[PDB]
Protein chains: 2
Amino acid sequence: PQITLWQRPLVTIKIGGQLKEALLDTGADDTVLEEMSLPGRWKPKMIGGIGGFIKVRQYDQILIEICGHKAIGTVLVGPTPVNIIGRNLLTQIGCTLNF
Amino acid sequence: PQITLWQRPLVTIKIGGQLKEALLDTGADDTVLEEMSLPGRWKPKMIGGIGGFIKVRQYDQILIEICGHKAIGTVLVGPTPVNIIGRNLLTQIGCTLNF
Ligand SMILES: O=c1oc2c(c(O)c1[C@H](c1cccc(NS(=O)(=O)c3ccccc3)c1)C1CC1)CCCCCC2
């Protein structure tokens, strides 16, 4: 579809059988989500934001559906203010900027 | 124009007669710039994100040139790690997100 930016670009995602809400963020390289349980083993990571660094748990090859589109890649879990969909997954669904 | 997201979406902007490079961010409500001097009165504020809150100085009605287009709007000045162009200026040059 086409999304204008007069209000926050929020979308529904289906992950692990449940529906959740997330923000489409072109400035982020990675996808970051709130504290939840995921299958498999994990590895550690530090990412910096506008207010400092945070430690996160990294999970690879997770399936996640965004507005009917399917993607499979890395997802990070940690203390974030909202769920974030970043460039790593925006490229899989073929999303672009237009002005 | 159409921009892909295989790499970071960086652009050059002109403010206060100074050249700067910035990141197009659909997730940010406002525009936040690194510590610099601007003319006028300003009000202190707190904005939060990944990692916590930061204190900034808010200036209103600042003119900015972004990739050939003029725009007017609020600008927040403070210790952000990188220059960010948010939704309040992006809407003014009619940028949309498409997939
Ligand atoms: O915190 C972040 O860290 C980074 C990026 C990013 O897009 C954010 C976001 C952000 C940005 C600007 C202002 C606000 N604060 S706000 O008031 O505009 C806001 C508050 C809550 C929710 C959304 C927006 C929040 C966070 C919401 C996700 C990516 C770009 C590069 C910078 C470093 C990483």
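Convention: sequence-line order gives letters A, B, ...; per-chain numbering from 1. Order of appearance sets the numbers: ligands from 1, and atoms from 1 within every ligand. Excluded from the calculations below are hydrogen atoms, water molecules and symmetry mates; all remaining heavy atoms, backbone and side chain alike, are included.
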Task: Atoms of ligand 1, numbered as shown, that sit under 4.0 Å from any heavy atom of A:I84 - done: 28 (C)

Task: Numbered atoms of ligand 1 (with element) below 4.0 Å of B:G49, judged on heavy atoms - done: 1 (O)

Open item on the list: What I want to check is whether the side chains of B:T74 and B:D30 have a donor and an acceptor closer together than 3.5 Å.
Closed with: no

Task: A:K14 atom NZ, neighbour heavy-atom count above 12 within 6.0 Å - done: no

TODO: Please write down residue, atom name and distance for the protein heavy atom closest to atom 13 (C) of ligand 1.
DONE: B:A28 CB, 4.0 Å

TODO: Give the atoms of ligand 1, by number and element, whose distance to some non-hydrogen atom of B:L23 is under 4.0 Å.
DONE: 30 (C), 31 (C)

Task: contact_flag A:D25 ligand 1 heavy-atom lt 4.0 Å - done: yes

- [ ] Looking only at distances, please establish whether an N/O atom of ligand 1 is found under 3.5 Å from an N/O atom of B:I50.
- [x] yes

- [ ] Starting from atom 21 (C) of ligand 1, locate the nearest protein heavy atom and write down its residue, its atom name and how far away it is, to 0.1 Å.
- [x] A:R8 NH2, 3.9 Å

Open item on the list: So, taking the atom named CG in B:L38 and the one named CD1 in B:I62, what distance separates them when rounded to the nearest 0.5 Å?
Closed with: 5.0 Å

Task: Exceeds 12 heavy-atom contacts within 6.0 angstrom, atom NZ of A:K43 - done: no

- [ ] Please work out which of the three classes, parallel, tilted or perpendicular, describes the rings of A:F99 and B:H69, given edges at 30° and 60°.
- [x] perpendicular

Open item on the list: Looking only at protein heavy atoms, which one is nearest to atom 18 (O) of ligand 1, and what is the separation?
Closed with: B:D29 N, 3.1 Å

TODO: State, without any angle test, whether B:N98 and A:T96 hold a side-chain donor-acceptor pair at a distance under 3.5 Å.
DONE: no

Task: Heavy atoms of other groups near B:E21 CD, more than 12 under 6.0 Å - done: yes

Open item on the list: If the cut-off is 4.0 Å to any non-hydrogen atom of B:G27, which atoms of ligand 1 fall inside it?
Closed with: 23 (C), 24 (C)

Open item on the list: For atom 15 (N) of ligand 1, what's the nearest protein heavy-atom neighbour? Residue, atom name and distance, please.
Closed with: B:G48 O, 2.9 Å

TODO: Indicate whether atom 10 (C) of ligand 1 is within a distance of less than 4.0 angstrom of some protein heavy atom.
DONE: no

Open item on the list: Does A:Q61, at its CD atom, have more than 12 non-hydrogen atoms belonging to other residues, nucleotides or ligands within less than 6.0 Å?
Closed with: no

